[PDB]
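A.B. asks: A single structure is presented below for examination.
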Amino acid sequence: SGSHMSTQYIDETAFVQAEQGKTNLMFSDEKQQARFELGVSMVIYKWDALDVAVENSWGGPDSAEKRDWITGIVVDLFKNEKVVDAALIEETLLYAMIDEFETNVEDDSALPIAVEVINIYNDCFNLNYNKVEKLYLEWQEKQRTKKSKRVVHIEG
Amino acid sequence: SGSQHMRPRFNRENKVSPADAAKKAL
């Protein structure tokens, strides 16, 4: 049931802007801002070039924290700028592979990852979070085998 | 040539875990 959110295409000019009463894309409530950090944490997990780099330890033993740090540095754009575009976030991912991973990502595979972070804001702008919870539930199907095996017993 | 960009290097205080943001968002 259901279907993938993307396969290669998404947009080419995606971006977001704050209201005239604000100085950053940050939310008015810290309870609602939580939906946004969760949402980006899910999109960075779907990038292929970063996933291979932590499995091959191209960043050393610290690459396991550099993995979760890549969403943390992109989230900071929304906390300090009143407008952000997919081109801003993409450079924040491309440089995060070259600053210590010694890996270039000229395949543009970071483009569709940047456009997804932009739409997390659009959903959180009207209290929606259905895709942020969906990716969080679909993320667990391999953590029960790529980190700690478990015999399932689900039956609805 | 061009701007130095906002490109950081490495940190572990701003990082986001798939659960550290879910235990507050869910």
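By convention in this document, the chains of the structure tokens carry letters A, B, ... by their order, each chain's residues are numbered from 1, and ligands are numbered from 1 in the order they are shown.
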Counting only C-alpha atoms, what is within 8 Å of residue 15 (chain B), bar same-chain residues fewer than 3 positions away, as a PyMOL selection string?
C.D. replies: (chain A and resi 65-66+68-73) or (chain B and resi 11-12)
A.B. asks: Could the residues in this selection be written to a file with C-alpha atoms, as an mmCIF file, in the first residue's frame?
C.D. replies:
```
data_model
loop_
_atom_site.group_PDB
_atom_site.id
_atom_site.type_symbol
_atom_site.label_atom_id
_atom_site.label_comp_id
_atom_site.auth_asym_id
_atom_site.auth_seq_id
_atom_site.Cartn_x
_atom_site.Cartn_y
_atom_site.Cartn_z
ATOM 1 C CA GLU A 65 27.854 11.415 14.549
ATOM 2 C CA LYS A 66 28.613 13.311 11.319
ATOM 3 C CA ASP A 68 23.148 13.044 12.341
ATOM 4 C CA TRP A 69 25.073 16.330 12.169
ATOM 5 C CA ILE A 70 24.215 16.818 8.467
ATOM 6 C CA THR A 71 20.523 17.429 9.295
ATOM 7 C CA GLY A 72 21.536 19.569 12.302
ATOM 8 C CA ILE A 73 23.527 22.021 10.153
ATOM 9 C CA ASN B 11 30.003 19.246 15.333
ATOM 10 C CA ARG B 12 27.875 17.028 17.599
#
```
A.B. asks: Determine, counting only C-alpha atoms, which protein, DNA and RNA residues have an atom within 10 Å of an atom of residue 98 (chain A); residues of the same chain fewer than 4 positions away are not included. Present the result as a PyMOL selection string.
C.D. replies: (chain A and resi 59+93-94+102-105) or (chain B and resi 7+9)
A.B. asks: Limited to N, CA, C and O atoms, could you put the picked residues into a file as a tab-separated table (two decimals), in the first residue's frame?
C.D. replies:
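Contents of the output file again-v3.tsv:
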```tsv
chain	number	residue	atom	x	y	z
A	59	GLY	N	34.65	8.87	6.93
A	59	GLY	CA	34.82	10.00	7.83
A	59	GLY	C	35.45	9.59	9.15
A	59	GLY	O	35.49	10.39	10.09
A	93	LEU	N	24.87	20.28	2.02
A	93	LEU	CA	25.07	18.84	1.94
A	93	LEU	C	26.31	18.52	1.10
A	93	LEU	O	27.09	17.65	1.47
A	94	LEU	N	26.50	19.22	-0.03
A	94	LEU	CA	27.63	18.94	-0.91
A	94	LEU	C	28.94	19.22	-0.19
A	94	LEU	O	29.88	18.44	-0.29
A	102	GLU	N	35.86	13.58	2.31
A	102	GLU	CA	36.72	13.57	1.13
A	102	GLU	C	36.00	13.03	-0.10
A	102	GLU	O	36.62	12.46	-1.00
A	103	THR	N	34.67	13.21	-0.15
A	103	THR	CA	33.83	12.68	-1.21
A	103	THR	C	33.05	13.80	-1.89
A	103	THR	O	32.39	14.60	-1.23
A	104	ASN	N	33.15	13.86	-3.21
A	104	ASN	CA	32.37	14.79	-4.01
A	104	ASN	C	31.06	14.13	-4.45
A	104	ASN	O	31.03	12.93	-4.71
A	105	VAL	N	29.99	14.93	-4.54
A	105	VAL	CA	28.68	14.45	-4.95
A	105	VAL	C	28.11	15.26	-6.11
A	105	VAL	O	27.04	15.87	-6.02
B	7	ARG	N	29.37	26.79	4.88
B	7	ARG	CA	29.82	25.42	5.06
B	7	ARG	C	30.59	25.23	6.37
B	7	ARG	O	31.69	25.75	6.53
B	9	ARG	N	32.23	22.39	9.34
B	9	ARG	CA	33.19	21.30	9.22
B	9	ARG	C	32.71	20.06	9.96
B	9	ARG	O	32.44	19.03	9.34
```
A.B. asks: Residues of chain A within 10 Å of chain B, counting only C-alpha atoms, what are they? List them as number ranges by chain.
C.D. replies: A: 30-42, 44-45, 62-63, 65-77, 88, 91-100, 129, 132-133, 135-136, 139-140
A.B. asks: Any idea what the distance is between CA of residue 84 (chain A) and CA of residue 7 (chain A)?
C.D. replies: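 Value for the CA of residue 84 (chain A)-CA of residue 7 (chain A) distance: 23.5 Å.
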A.B. asks: Find the residues near residue 112 (chain A): any atom within 10 Å, counting only C-alpha atoms, skip ones fewer than 6 places away on the same chain, and give them as a PyMOL selection string.
C.D. replies: chain A and resi 6-12+43+46-47+86+90
A.B. asks: Grab the CA of residue 115 (chain A) to CA of residue 5 (chain A) distance for me, in Å with one decimal place.
C.D. replies: 11.8 Å
A.B. asks: Write out as a PyMOL selection string all residues of chain A that DSSP puts in strand (DSSP E) for this structure's backbone.
C.D. replies: chain A and resi 15-17+83-85
A.B. asks: With N, CA, C and O atoms kept, could you save the residues just selected as a PDB file, in the first residue's frame?
C.D. replies:
```pdb
ATOM      1  N   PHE A  15      11.661  26.822  -2.472  1.00  0.00           N
ATOM      2  CA  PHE A  15      12.203  27.705  -1.452  1.00  0.00           C
ATOM      3  C   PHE A  15      11.062  28.057  -0.499  1.00  0.00           C
ATOM      4  O   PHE A  15       9.908  27.694  -0.731  1.00  0.00           O
ATOM      5  N   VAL A  16      11.398  28.774   0.576  1.00  0.00           N
ATOM      6  CA  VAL A  16      10.447  29.195   1.600  1.00  0.00           C
ATOM      7  C   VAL A  16      10.863  30.577   2.087  1.00  0.00           C
ATOM      8  O   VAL A  16      12.029  30.961   1.982  1.00  0.00           O
ATOM      9  N   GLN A  17       9.898  31.326   2.625  1.00  0.00           N
ATOM     10  CA  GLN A  17      10.127  32.649   3.186  1.00  0.00           C
ATOM     11  C   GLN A  17       9.297  32.848   4.453  1.00  0.00           C
ATOM     12  O   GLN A  17       8.204  32.298   4.582  1.00  0.00           O
ATOM     13  N   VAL A  83      14.597  33.319   5.025  1.00  0.00           N
ATOM     14  CA  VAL A  83      14.259  32.744   3.735  1.00  0.00           C
ATOM     15  C   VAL A  83      15.408  31.813   3.381  1.00  0.00           C
ATOM     16  O   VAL A  83      16.570  32.114   3.646  1.00  0.00           O
ATOM     17  N   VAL A  84      15.057  30.676   2.777  1.00  0.00           N
ATOM     18  CA  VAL A  84      16.003  29.629   2.426  1.00  0.00           C
ATOM     19  C   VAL A  84      15.482  28.981   1.148  1.00  0.00           C
ATOM     20  O   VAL A  84      14.270  28.853   0.963  1.00  0.00           O
ATOM     21  N   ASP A  85      16.393  28.568   0.264  1.00  0.00           N
ATOM     22  CA  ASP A  85      16.041  27.859  -0.954  1.00  0.00           C
ATOM     23  C   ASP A  85      16.734  26.510  -1.078  1.00  0.00           C
ATOM     24  O   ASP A  85      17.695  26.227  -0.363  1.00  0.00           O
TER      25      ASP A  85
END
```
A.B. asks: Which parts of region 35-148 of chain A does DSSP call helix (DSSP H, G or I) when run on the backbone here, written out as a PyMOL selection string?
C.D. replies: chain A and resi 35-44+48-55+63-80+86-94+111-124+130-141
A.B. asks: Taking C-alpha atoms for each residue, export the selection above as a CSV table (one decimal), in the first residue's frame.
C.D. replies:
```
chain,number,residue,atom,x,y,z
A,35,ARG,CA,7.9,18.4,13.8
A,36,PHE,CA,10.5,20.2,11.6
A,37,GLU,CA,13.7,18.7,13.1
A,38,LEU,CA,12.1,15.3,12.9
A,39,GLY,CA,11.1,15.8,9.3
A,40,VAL,CA,14.6,16.8,8.1
A,41,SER,CA,16.2,13.9,10.1
A,42,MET,CA,14.1,11.6,7.9
A,43,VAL,CA,15.1,13.1,4.5
A,44,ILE,CA,18.8,13.1,5.2
A,48,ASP,CA,22.6,7.7,-0.9
A,49,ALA,CA,26.1,9.3,-1.0
A,50,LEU,CA,26.1,9.9,2.8
A,51,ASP,CA,24.7,6.5,3.6
A,52,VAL,CA,27.5,4.7,1.8
A,53,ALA,CA,30.1,7.0,3.5
A,54,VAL,CA,29.1,6.1,7.1
A,55,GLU,CA,29.0,2.4,6.2
A,63,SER,CA,31.2,9.6,10.9
A,64,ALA,CA,28.4,8.0,12.9
A,65,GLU,CA,27.9,11.4,14.5
A,66,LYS,CA,28.6,13.3,11.3
A,67,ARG,CA,25.6,11.4,9.9
A,68,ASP,CA,23.1,13.0,12.3
A,69,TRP,CA,25.1,16.3,12.2
A,70,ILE,CA,24.2,16.8,8.5
A,71,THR,CA,20.5,17.4,9.3
A,72,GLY,CA,21.5,19.6,12.3
A,73,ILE,CA,23.5,22.0,10.2
A,74,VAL,CA,20.7,22.3,7.6
A,75,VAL,CA,18.1,22.9,10.4
A,76,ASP,CA,20.2,25.9,11.5
A,77,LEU,CA,19.5,27.7,8.2
A,78,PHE,CA,15.8,28.0,9.2
A,79,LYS,CA,16.8,29.2,12.7
A,80,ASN,CA,19.0,32.1,11.4
A,86,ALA,CA,16.8,24.3,-2.2
A,87,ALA,CA,20.1,25.7,-3.6
A,88,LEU,CA,21.1,26.8,-0.1
A,89,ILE,CA,20.5,23.4,1.6
A,90,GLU,CA,22.1,21.6,-1.3
A,91,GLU,CA,25.4,23.4,-0.8
A,92,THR,CA,25.2,22.5,2.9
A,93,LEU,CA,25.1,18.8,1.9
A,94,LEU,CA,27.6,18.9,-0.9
A,111,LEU,CA,19.3,18.2,-5.0
A,112,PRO,CA,16.1,16.1,-4.3
A,113,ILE,CA,17.3,15.9,-0.6
A,114,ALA,CA,17.3,19.7,-0.3
A,115,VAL,CA,13.9,20.2,-1.9
A,116,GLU,CA,12.4,17.8,0.6
A,117,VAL,CA,13.6,19.8,3.6
A,118,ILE,CA,11.9,22.9,2.1
A,119,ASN,CA,8.5,21.1,2.0
A,120,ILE,CA,8.8,20.1,5.7
A,121,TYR,CA,8.4,23.8,6.5
A,122,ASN,CA,5.3,24.1,4.2
A,123,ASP,CA,3.5,21.3,6.1
A,124,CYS,CA,4.5,22.5,9.5
A,130,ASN,CA,1.7,13.1,8.2
A,131,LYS,CA,4.8,12.5,6.0
A,132,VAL,CA,7.2,13.3,9.0
A,133,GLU,CA,5.5,10.5,11.0
A,134,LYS,CA,5.3,8.2,8.0
A,135,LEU,CA,9.0,8.2,7.2
A,136,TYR,CA,9.7,7.7,11.0
A,137,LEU,CA,7.6,4.5,11.0
A,138,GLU,CA,9.1,3.2,7.7
A,139,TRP,CA,12.6,4.0,9.0
A,140,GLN,CA,12.3,1.3,11.8
A,141,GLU,CA,11.8,-1.7,9.4
```
A.B. asks: What does the distance between CA of residue 4 (chain A) and CA of residue 125 (chain A) come to in Å, to one decimal place?
C.D. replies: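 Spanning CA of residue 4 (chain A) to CA of residue 125 (chain A) is a straight-line distance of 22.8 Å.
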